[PDB]
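S.K.: Pasting upload.txt below, which is compact mmCIF, C-alpha atoms and all ligand atoms.
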```txt
# COMPACT_ATOMS: atom_id res chain seq x y z
CA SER A 57 76.91 123.82 60.26
CA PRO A 58 77.77 120.22 59.28
CA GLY A 59 81.26 119.88 60.73
CA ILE A 60 81.38 123.03 62.88
CA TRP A 61 82.10 122.51 66.57
CA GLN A 62 83.06 124.53 69.58
CA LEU A 63 85.25 123.63 72.45
CA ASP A 64 85.12 125.10 75.94
CA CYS A 65 86.24 124.08 79.43
CA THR A 66 84.19 124.13 82.60
CA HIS A 67 85.06 123.14 86.16
CA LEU A 68 83.65 121.08 89.00
CA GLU A 69 85.15 119.60 92.17
CA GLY A 70 88.55 121.07 91.39
CA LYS A 71 88.61 119.43 87.96
CA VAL A 72 88.46 120.42 84.31
CA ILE A 73 85.74 119.18 81.96
CA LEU A 74 86.44 119.62 78.25
CA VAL A 75 83.15 120.12 76.38
CA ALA A 76 82.70 119.96 72.61
CA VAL A 77 79.39 121.22 71.20
CA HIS A 78 78.13 120.45 67.71
CA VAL A 79 76.79 123.91 67.03
CA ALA A 80 73.85 123.15 64.75
CA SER A 81 72.46 120.27 66.82
CA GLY A 82 73.45 120.98 70.41
CA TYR A 83 75.01 117.52 70.57
CA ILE A 84 77.84 117.30 73.09
CA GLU A 85 80.81 115.22 74.12
CA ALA A 86 82.73 115.96 77.31
CA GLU A 87 85.60 114.48 79.30
CA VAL A 88 87.52 115.32 82.47
CA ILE A 89 90.96 116.70 81.50
CA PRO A 90 93.95 117.94 83.54
CA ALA A 91 94.40 121.18 81.56
CA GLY A 94 97.65 119.74 76.05
CA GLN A 95 98.05 116.10 75.00
CA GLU A 96 94.64 115.18 76.42
CA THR A 97 92.80 117.85 74.41
CA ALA A 98 94.63 116.59 71.32
CA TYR A 99 93.54 113.04 72.20
CA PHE A 100 89.97 114.25 72.79
CA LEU A 101 89.93 116.02 69.43
CA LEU A 102 91.34 113.04 67.51
CA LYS A 103 88.68 110.74 68.98
CA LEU A 104 85.88 113.20 68.15
CA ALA A 105 87.15 113.56 64.61
CA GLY A 106 87.12 109.78 64.11
CA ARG A 107 83.43 109.61 65.05
CA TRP A 108 81.89 112.75 63.52
CA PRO A 109 82.85 115.11 60.71
CA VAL A 110 85.06 117.66 62.47
CA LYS A 111 86.17 120.46 60.13
CA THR A 112 86.21 123.65 62.22
CA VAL A 113 86.63 123.89 66.00
CA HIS A 114 86.06 127.30 67.55
CA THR A 115 87.57 128.30 70.89
CA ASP A 116 87.23 131.66 72.61
CA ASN A 117 90.66 132.06 74.21
CA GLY A 118 94.33 131.48 73.46
CA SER A 119 94.98 128.34 75.49
CA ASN A 120 94.46 125.97 72.56
CA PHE A 121 96.74 127.90 70.18
CA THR A 122 99.78 127.33 72.43
CA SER A 123 99.88 123.51 72.27
CA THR A 124 102.12 121.69 69.78
CA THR A 125 100.23 118.39 70.37
CA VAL A 126 96.89 120.09 69.63
CA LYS A 127 98.37 121.58 66.47
CA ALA A 128 99.67 118.12 65.49
CA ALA A 129 96.19 116.61 65.95
CA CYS A 130 94.52 119.41 64.02
CA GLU A 131 96.95 118.81 61.14
CA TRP A 132 96.68 115.02 61.29
CA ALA A 133 92.88 114.96 61.15
CA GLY A 134 92.32 117.99 58.93
CA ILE A 135 90.80 120.14 61.65
CA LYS A 136 90.85 123.89 61.25
CA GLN A 137 91.14 125.75 64.67
CA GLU A 138 89.34 129.06 64.60
CA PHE A 139 89.24 131.84 67.20
CA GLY A 140 85.91 133.31 68.15
CA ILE A 141 82.54 131.81 68.99
CA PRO A 142 80.72 130.90 65.70
CA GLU A 152 76.60 128.50 75.37
CA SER A 153 74.53 127.74 78.45
CA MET A 154 75.14 124.01 78.39
CA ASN A 155 78.15 124.40 80.65
CA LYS A 156 75.30 125.52 82.95
CA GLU A 157 72.79 122.97 81.63
CA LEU A 158 75.38 120.19 81.88
CA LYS A 159 76.19 121.16 85.47
CA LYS A 160 72.54 121.02 86.53
CA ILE A 161 72.31 117.47 85.22
CA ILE A 162 75.63 116.41 86.74
CA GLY A 163 74.24 117.66 90.04
CA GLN A 164 70.90 115.93 89.58
CA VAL A 165 72.85 112.68 89.13
CA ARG A 166 76.12 113.12 91.04
CA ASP A 167 75.12 110.73 93.83
CA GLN A 168 74.68 107.83 91.37
CA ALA A 169 78.39 107.36 90.60
CA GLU A 170 81.61 107.41 92.58
CA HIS A 171 83.65 109.28 89.95
CA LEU A 172 82.72 112.77 88.75
CA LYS A 173 83.77 111.67 85.26
CA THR A 174 81.06 109.00 85.37
CA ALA A 175 78.54 111.63 86.50
CA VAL A 176 79.79 113.78 83.60
CA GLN A 177 79.07 110.98 81.11
CA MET A 178 75.64 110.36 82.65
CA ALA A 179 74.86 114.04 82.17
CA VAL A 180 76.12 113.92 78.55
CA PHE A 181 73.81 110.93 77.92
CA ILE A 182 70.78 112.71 79.33
CA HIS A 183 71.57 115.88 77.44
CA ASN A 184 71.90 114.16 74.07
CA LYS A 185 68.98 111.74 74.48
CA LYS A 186 66.22 113.95 75.89
CA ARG A 187 63.63 115.99 73.97
CA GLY A 192 58.63 116.82 71.78
CA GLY A 193 60.58 116.36 68.53
CA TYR A 194 64.26 115.49 68.00
CA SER A 195 66.96 115.23 70.64
CA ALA A 196 70.51 116.54 70.18
CA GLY A 197 71.67 113.01 69.32
CA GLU A 198 69.03 112.56 66.64
CA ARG A 199 69.65 116.05 65.24
CA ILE A 200 73.38 115.66 64.61
CA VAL A 201 72.64 112.37 62.84
CA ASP A 202 69.77 113.93 60.89
CA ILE A 203 72.07 116.86 60.03
CA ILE A 204 74.84 114.53 58.86
CA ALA A 205 72.51 112.12 57.02
CA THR A 206 70.93 114.83 54.86
CA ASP A 207 74.38 116.26 54.10
CA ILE A 208 75.68 112.88 52.93
CA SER B 57 68.70 96.63 63.45
CA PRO B 58 70.35 99.88 64.47
CA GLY B 59 71.31 99.29 68.10
CA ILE B 60 73.20 95.98 67.86
CA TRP B 61 76.84 96.09 68.98
CA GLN B 62 79.60 93.54 69.53
CA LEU B 63 82.21 93.97 72.22
CA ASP B 64 85.60 92.25 72.38
CA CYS B 65 89.23 92.58 73.51
CA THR B 66 92.59 92.57 71.75
CA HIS B 67 96.15 93.23 72.89
CA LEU B 68 99.28 95.04 71.78
CA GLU B 69 102.40 96.05 73.71
CA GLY B 70 101.25 94.48 76.96
CA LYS B 71 98.04 96.52 76.91
CA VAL B 72 94.33 95.83 76.48
CA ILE B 73 92.28 97.45 73.70
CA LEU B 74 88.51 97.36 74.19
CA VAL B 75 86.69 97.37 70.85
CA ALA B 76 83.02 98.00 70.11
CA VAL B 77 81.79 97.20 66.60
CA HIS B 78 78.48 98.41 65.21
CA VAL B 79 77.59 95.15 63.54
CA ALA B 80 75.51 96.54 60.69
CA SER B 81 78.01 99.18 59.52
CA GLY B 82 81.43 98.04 60.70
CA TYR B 83 81.78 101.32 62.57
CA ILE B 84 84.15 100.99 65.51
CA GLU B 85 85.15 102.62 68.76
CA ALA B 86 88.12 101.44 70.81
CA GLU B 87 90.10 102.44 73.91
CA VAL B 88 93.05 101.12 75.90
CA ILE B 89 91.70 99.64 79.15
CA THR B 93 88.67 95.41 83.84
CA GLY B 94 85.28 96.37 85.25
CA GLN B 95 84.70 100.09 85.84
CA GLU B 96 86.72 100.84 82.71
CA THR B 97 84.40 98.82 80.47
CA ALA B 98 81.35 100.26 82.22
CA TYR B 99 82.62 103.78 81.48
CA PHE B 100 83.35 102.91 77.83
CA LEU B 101 79.81 101.53 77.50
CA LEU B 102 78.12 104.52 79.12
CA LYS B 103 79.95 106.90 76.79
CA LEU B 104 79.11 104.80 73.72
CA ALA B 105 75.44 104.66 74.64
CA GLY B 106 75.33 108.43 75.21
CA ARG B 107 76.52 108.97 71.61
CA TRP B 108 74.82 106.15 69.66
CA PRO B 109 71.72 104.02 70.17
CA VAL B 110 73.10 101.06 72.11
CA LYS B 111 70.42 98.44 72.77
CA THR B 112 72.21 95.08 72.57
CA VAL B 113 75.91 94.43 73.19
CA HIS B 114 77.10 90.95 72.27
CA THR B 115 80.19 89.38 73.82
CA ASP B 116 81.33 85.78 73.41
CA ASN B 117 83.10 85.17 76.73
CA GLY B 118 82.16 85.35 80.38
CA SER B 119 84.31 88.21 81.62
CA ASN B 120 81.70 90.94 81.20
CA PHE B 121 79.04 88.96 83.11
CA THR B 122 81.11 89.07 86.33
CA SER B 123 81.51 92.85 86.69
CA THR B 124 79.13 94.56 89.06
CA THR B 125 79.84 97.99 87.55
CA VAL B 126 79.62 96.92 83.89
CA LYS B 127 76.13 95.92 84.54
CA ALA B 128 74.93 98.83 86.73
CA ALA B 129 75.89 100.64 83.52
CA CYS B 130 73.84 98.20 81.45
CA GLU B 131 70.82 98.82 83.70
CA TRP B 132 71.39 102.58 83.90
CA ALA B 133 71.55 103.10 80.13
CA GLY B 134 69.11 100.35 79.16
CA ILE B 135 71.61 98.07 77.38
CA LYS B 136 70.97 94.33 77.01
CA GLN B 137 74.14 92.22 77.30
CA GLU B 138 73.72 88.95 75.40
CA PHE B 139 76.19 86.11 75.05
CA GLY B 140 77.30 84.94 71.63
CA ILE B 141 77.81 86.66 68.30
CA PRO B 142 74.74 87.93 66.37
CA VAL B 150 83.14 90.60 62.47
CA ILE B 151 85.27 91.81 65.36
CA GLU B 152 88.11 89.28 65.06
CA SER B 153 88.94 90.03 61.45
CA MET B 154 88.18 93.55 62.69
CA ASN B 155 90.90 93.17 65.32
CA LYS B 156 93.31 92.04 62.57
CA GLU B 157 92.35 95.04 60.50
CA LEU B 158 92.53 97.40 63.55
CA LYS B 159 96.05 96.06 64.30
CA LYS B 160 97.38 96.44 60.73
CA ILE B 161 96.44 100.11 60.72
CA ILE B 162 97.82 100.67 64.21
CA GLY B 163 100.98 99.18 62.74
CA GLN B 164 101.08 101.68 59.90
CA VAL B 165 100.80 104.68 62.24
CA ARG B 166 102.51 103.41 65.37
CA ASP B 167 105.54 105.68 64.89
CA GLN B 168 103.33 108.76 64.35
CA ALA B 169 102.43 109.03 68.05
CA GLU B 170 104.12 108.50 71.39
CA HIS B 171 101.38 106.59 73.19
CA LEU B 172 99.67 103.44 71.96
CA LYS B 173 96.41 105.09 72.96
CA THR B 174 96.97 107.68 70.21
CA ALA B 175 97.97 105.16 67.54
CA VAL B 176 94.82 103.21 68.43
CA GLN B 177 92.64 106.28 67.88
CA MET B 178 94.35 107.16 64.61
CA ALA B 179 93.66 103.60 63.47
CA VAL B 180 90.00 103.98 64.49
CA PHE B 181 89.79 107.21 62.46
CA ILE B 182 91.25 105.62 59.35
CA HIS B 183 89.01 102.57 59.69
CA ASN B 184 85.83 104.60 60.06
CA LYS B 185 86.67 107.23 57.44
CA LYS B 186 87.92 105.15 54.51
CA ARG B 187 85.65 103.55 51.91
CA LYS B 188 85.64 99.75 51.42
CA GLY B 192 83.30 104.42 46.32
CA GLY B 193 80.41 103.45 48.60
CA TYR B 194 80.00 104.82 52.07
CA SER B 195 82.53 104.53 54.89
CA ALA B 196 81.71 102.84 58.20
CA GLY B 197 81.15 106.27 59.73
CA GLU B 198 78.69 107.23 57.00
CA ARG B 199 76.92 103.87 57.14
CA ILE B 200 76.23 103.99 60.87
CA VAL B 201 74.71 107.47 60.34
CA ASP B 202 72.76 106.44 57.24
CA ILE B 203 71.50 103.41 59.19
CA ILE B 204 70.39 105.58 62.12
CA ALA B 205 68.90 108.30 59.90
CA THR B 206 66.82 105.73 57.98
CA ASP B 207 65.49 104.38 61.28
CA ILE B 208 63.69 107.62 62.19
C1 LIG A 301 99.03 113.93 66.39
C2 LIG A 301 98.29 113.55 67.68
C3 LIG A 301 96.89 113.45 67.71
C4 LIG A 301 96.23 113.11 68.90
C5 LIG A 301 96.99 112.87 70.05
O1 LIG A 301 96.62 112.54 71.28
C6 LIG A 301 97.66 112.42 72.06
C7 LIG A 301 97.59 112.04 73.55
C8 LIG A 301 97.45 111.73 74.69
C9 LIG A 301 97.09 111.24 76.10
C10 LIG A 301 97.95 111.31 77.18
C11 LIG A 301 97.50 110.84 78.42
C12 LIG A 301 96.22 110.32 78.55
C13 LIG A 301 95.37 110.27 77.46
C14 LIG A 301 93.93 109.69 77.55
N1 LIG A 301 93.35 109.99 78.86
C15 LIG A 301 91.93 109.57 78.81
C16 LIG A 301 91.84 108.01 78.61
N2 LIG A 301 90.80 107.49 79.56
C17 LIG A 301 91.04 106.08 79.85
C18 LIG A 301 90.02 105.53 80.86
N3 LIG A 301 89.70 106.38 82.02
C19 LIG A 301 88.27 106.15 82.32
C20 LIG A 301 88.04 105.63 83.77
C21 LIG A 301 89.08 105.52 84.68
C22 LIG A 301 88.83 105.05 85.97
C23 LIG A 301 87.53 104.71 86.35
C24 LIG A 301 86.50 104.84 85.43
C25 LIG A 301 85.04 104.47 85.77
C26 LIG A 301 83.87 104.25 85.92
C27 LIG A 301 82.35 104.01 85.92
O2 LIG A 301 81.65 104.09 84.81
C28 LIG A 301 80.36 103.86 85.04
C29 LIG A 301 79.25 103.83 84.16
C30 LIG A 301 77.97 103.55 84.68
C31 LIG A 301 77.81 103.30 86.05
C32 LIG A 301 76.42 103.00 86.63
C33 LIG A 301 78.91 103.33 86.91
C34 LIG A 301 80.19 103.61 86.40
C35 LIG A 301 81.52 103.71 87.01
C36 LIG A 301 81.89 103.54 88.50
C37 LIG A 301 81.43 104.75 89.30
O3 LIG A 301 81.85 105.89 88.97
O4 LIG A 301 80.64 104.64 90.27
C38 LIG A 301 86.74 105.30 84.14
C39 LIG A 301 89.82 107.82 81.83
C40 LIG A 301 90.85 108.28 80.79
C41 LIG A 301 95.81 110.73 76.23
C42 LIG A 301 98.85 112.69 71.35
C43 LIG A 301 100.29 112.64 71.86
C44 LIG A 301 101.00 111.35 71.37
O5 LIG A 301 100.54 110.22 71.71
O6 LIG A 301 102.03 111.41 70.63
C45 LIG A 301 98.38 112.98 70.01
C46 LIG A 301 99.04 113.32 68.83
```
Starting from the file, give its structure as structure tokens.
M.R.:
Amino acid sequence: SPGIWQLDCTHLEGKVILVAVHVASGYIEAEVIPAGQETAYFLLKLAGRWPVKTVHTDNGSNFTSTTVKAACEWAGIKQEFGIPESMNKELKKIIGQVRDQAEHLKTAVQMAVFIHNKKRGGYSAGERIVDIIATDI
Amino acid sequence: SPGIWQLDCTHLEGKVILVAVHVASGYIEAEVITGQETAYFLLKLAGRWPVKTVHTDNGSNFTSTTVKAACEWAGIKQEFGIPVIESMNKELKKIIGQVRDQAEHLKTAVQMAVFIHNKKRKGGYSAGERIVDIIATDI
């Protein structure tokens, strides 16, 4: 799954966290969003950094946004319904383990992303996605 | 070596664009932005790439308490002086110029310019492929 991703939302402290998972590696990026333009922005930034070819979502929210459709078209990203899981739950453990170390939840979110991608034994999620993309190239 | 980065500022439209360059590849990340803002940008970068040394060539970043709690937290060394980013800024700005009317917010135009810069080929890999080849090789 070189450029296959999936995009979910989770919630903490009355806020929305947008979570992209690189399916084959477990690598993740996340960001605190309001609910539209900011998902399109998130997607464009992801696509500039990694190969992003197919993004799966499991509801209709993302199919009803003209800015998200514009970003998909601009960057060549194909939006796909249906799931190609527990990191919303694994991410939230880590956020909690670290929440007291930052004022802003969003900082705690990015701390948890860091720990998730860097840990793990053999290869970590961050090393996997790079291994997966290196071989492919 | 794979974890060397250069950090600088540039400006368009009354706004500040923070730019990180992966020195060995030319790969770039940017954002419109300070103190906490740069700390956040750094923490996110380091979560995604190996970030071991960040070079800057001015004093601003050495005066931010938050920037450097982030340095400590993520294990990033902040050195003064350059080990590419100013001709980079002139490139980033040309591309921003070509797309500026394709988005409402400068933030978006900036990120489209990042995408183009990282995805295009100088045949022979793009910046995005080189930073990955460089990091793959290292393991
Ligand atoms: C075709 C196409 C394609 C793509 C497109 O996209 C868009 C579109 C959009 C659109 C709109 C609005 C907004 C947006 C972006 N919004 C997100 C931008 N970010 C900026 C910065 N902000 C971060 C922040 C803020 C405040 C404080 C901190 C902090 C901190 C901190 O870090 C730490 C690290 C370590 C430690 C120890 C400590 C710390 C600490 C301190 C502590 O916490 O203790 C960080 C967050 C937000 C985007 C369009 C539409 C168009 O344009 O046409 C479009 C079209």
S.K.: Given the choices A:110, A:172, A:158, A:89, which gets closest to residue 130 (chain A) if the distance is worked out from all atoms listed in the file?
M.R.: A:110
S.K.: Which is closer to residue 113 (chain A) than all the others in A:126, A:154, A:208, A:196, using all atoms listed in the file?
M.R.: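 Going through A:126, A:154, A:208, A:196 one by one, the smallest distance to residue 113 (chain A) is for A:126.
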S.K.: Which one of B:129, B:75, B:103, B:63 sits closest to residue 176 (chain B) if you count all atoms listed in the file?
M.R.: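 Answer, going by the shortest atom-to-atom distance: B:75.
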S.K.: Using only C-alpha atoms and all ligand atoms, find each residue of chain A with at least one atom at most 8 Å away from an atom of ligand LIG 301 (chain A); report its shortest atom-to-atom pair and that distance in Å (one decimal), sort the rows by chain and rising residue number, and return the result as JSON lines.
M.R.:
```
{"residue": "A:88", "atom": "CA", "partner": "A:LIG301", "partner_atom": "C39", "distance": 7.9}
{"residue": "A:89", "atom": "CA", "partner": "A:LIG301", "partner_atom": "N1", "distance": 7.6}
{"residue": "A:95", "atom": "CA", "partner": "A:LIG301", "partner_atom": "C7", "distance": 4.3}
{"residue": "A:96", "atom": "CA", "partner": "A:LIG301", "partner_atom": "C41", "distance": 4.6}
{"residue": "A:97", "atom": "CA", "partner": "A:LIG301", "partner_atom": "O1", "distance": 7.3}
{"residue": "A:98", "atom": "CA", "partner": "A:LIG301", "partner_atom": "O1", "distance": 4.5}
{"residue": "A:99", "atom": "CA", "partner": "A:LIG301", "partner_atom": "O1", "distance": 3.3}
{"residue": "A:100", "atom": "CA", "partner": "A:LIG301", "partner_atom": "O1", "distance": 7.0}
{"residue": "A:101", "atom": "CA", "partner": "A:LIG301", "partner_atom": "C4", "distance": 7.0}
{"residue": "A:102", "atom": "CA", "partner": "A:LIG301", "partner_atom": "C4", "distance": 5.1}
{"residue": "A:103", "atom": "CA", "partner": "A:LIG301", "partner_atom": "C4", "distance": 7.9}
{"residue": "A:125", "atom": "CA", "partner": "A:LIG301", "partner_atom": "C46", "distance": 5.4}
{"residue": "A:126", "atom": "CA", "partner": "A:LIG301", "partner_atom": "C3", "distance": 6.9}
{"residue": "A:127", "atom": "CA", "partner": "A:LIG301", "partner_atom": "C1", "distance": 7.7}
{"residue": "A:128", "atom": "CA", "partner": "A:LIG301", "partner_atom": "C1", "distance": 4.3}
{"residue": "A:129", "atom": "CA", "partner": "A:LIG301", "partner_atom": "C3", "distance": 3.7}
{"residue": "A:130", "atom": "CA", "partner": "A:LIG301", "partner_atom": "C3", "distance": 7.4}
{"residue": "A:131", "atom": "CA", "partner": "A:LIG301", "partner_atom": "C1", "distance": 7.5}
{"residue": "A:132", "atom": "CA", "partner": "A:LIG301", "partner_atom": "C1", "distance": 5.7}
{"residue": "A:133", "atom": "CA", "partner": "A:LIG301", "partner_atom": "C3", "distance": 7.8}
{"residue": "A:168", "atom": "CA", "partner": "A:LIG301", "partner_atom": "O4", "distance": 6.8}
{"residue": "A:169", "atom": "CA", "partner": "A:LIG301", "partner_atom": "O4", "distance": 3.5}
{"residue": "A:170", "atom": "CA", "partner": "A:LIG301", "partner_atom": "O4", "distance": 3.7}
{"residue": "A:171", "atom": "CA", "partner": "A:LIG301", "partner_atom": "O3", "distance": 4.0}
{"residue": "A:172", "atom": "CA", "partner": "A:LIG301", "partner_atom": "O3", "distance": 6.9}
{"residue": "A:173", "atom": "CA", "partner": "A:LIG301", "partner_atom": "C38", "distance": 7.1}
{"residue": "A:174", "atom": "CA", "partner": "A:LIG301", "partner_atom": "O3", "distance": 4.8}
{"residue": "A:175", "atom": "CA", "partner": "A:LIG301", "partner_atom": "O3", "distance": 7.1}
{"residue": "A:177", "atom": "CA", "partner": "A:LIG301", "partner_atom": "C29", "distance": 7.8}
{"residue": "A:178", "atom": "CA", "partner": "A:LIG301", "partner_atom": "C30", "distance": 7.5}
```
S.K.: Generate the output file for the selected residues, C-alpha atoms, as an mmCIF file, in the coordinates of the input.
M.R.:
```cif
data_model
loop_
_atom_site.group_PDB
_atom_site.id
_atom_site.type_symbol
_atom_site.label_atom_id
_atom_site.label_comp_id
_atom_site.auth_asym_id
_atom_site.auth_seq_id
_atom_site.Cartn_x
_atom_site.Cartn_y
_atom_site.Cartn_z
ATOM 1 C CA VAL A 88 87.520 115.320 82.470
ATOM 2 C CA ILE A 89 90.960 116.700 81.500
ATOM 3 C CA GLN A 95 98.050 116.100 75.000
ATOM 4 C CA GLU A 96 94.640 115.180 76.420
ATOM 5 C CA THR A 97 92.800 117.850 74.410
ATOM 6 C CA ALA A 98 94.630 116.590 71.320
ATOM 7 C CA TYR A 99 93.540 113.040 72.200
ATOM 8 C CA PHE A 100 89.970 114.250 72.790
ATOM 9 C CA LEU A 101 89.930 116.020 69.430
ATOM 10 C CA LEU A 102 91.340 113.040 67.510
ATOM 11 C CA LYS A 103 88.680 110.740 68.980
ATOM 12 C CA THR A 125 100.230 118.390 70.370
ATOM 13 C CA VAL A 126 96.890 120.090 69.630
ATOM 14 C CA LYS A 127 98.370 121.580 66.470
ATOM 15 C CA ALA A 128 99.670 118.120 65.490
ATOM 16 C CA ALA A 129 96.190 116.610 65.950
ATOM 17 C CA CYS A 130 94.520 119.410 64.020
ATOM 18 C CA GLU A 131 96.950 118.810 61.140
ATOM 19 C CA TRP A 132 96.680 115.020 61.290
ATOM 20 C CA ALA A 133 92.880 114.960 61.150
ATOM 21 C CA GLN A 168 74.680 107.830 91.370
ATOM 22 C CA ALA A 169 78.390 107.360 90.600
ATOM 23 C CA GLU A 170 81.610 107.410 92.580
ATOM 24 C CA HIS A 171 83.650 109.280 89.950
ATOM 25 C CA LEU A 172 82.720 112.770 88.750
ATOM 26 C CA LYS A 173 83.770 111.670 85.260
ATOM 27 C CA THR A 174 81.060 109.000 85.370
ATOM 28 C CA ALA A 175 78.540 111.630 86.500
ATOM 29 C CA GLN A 177 79.070 110.980 81.110
ATOM 30 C CA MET A 178 75.640 110.360 82.650
#
```
S.K.: Give me, please, the distance in Å between CA of residue 179 (chain B) and CA of residue 162 (chain B), quoted to one decimal.
M.R.: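 About the pair CA of residue 179 (chain B) and CA of residue 162 (chain B): they are 5.1 Å apart.
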S.K.: Provide the CA of residue 106 (chain B) to CA of residue 63 (chain A) distance in Å, to one decimal place.
M.R.: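 These two atoms are separated by 18.4 Å.
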S.K.: Could you list, as a ChimeraX atom specification, every residue of chain B that has an atom within 7 Å of an atom of chain A, counting all atoms listed in the file?
M.R.: /B:99,102-103,106-107,174,177,180-181,184,197,201-202,205
S.K.: So which one's closest to residue 64 (chain A), A:135, A:141, A:80, A:165? Using all atoms listed in the file, please.
M.R.: A:141
S.K.: Mind pulling up the distance from CA of residue 151 (chain B) to CA of residue 68 (chain B)?
M.R.: 15.7 Å
S.K.: Between B:128, B:79, B:178, B:135, which residue has the minimum interatomic distance to residue 104 (chain B), considering only C-alpha atoms?
M.R.: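 Comparing B:128, B:79, B:178, B:135 against residue 104 (chain B), the winner is B:135.
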S.K.: Which residue is closest to residue 155 (chain B)? Choose from B:113, B:118, B:74, B:101 and count all atoms listed in the file.
M.R.: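 Between B:113, B:118, B:74, B:101, the residue approaching residue 155 (chain B) most closely is B:74.
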S.K.: What would the list of residues within 8 Å of (104.7, 99.5, 69.4) (file frame) look like as number ranges by chain, if only C-alpha atoms are what count?
M.R.: B: 68-69, 163, 166-167, 172
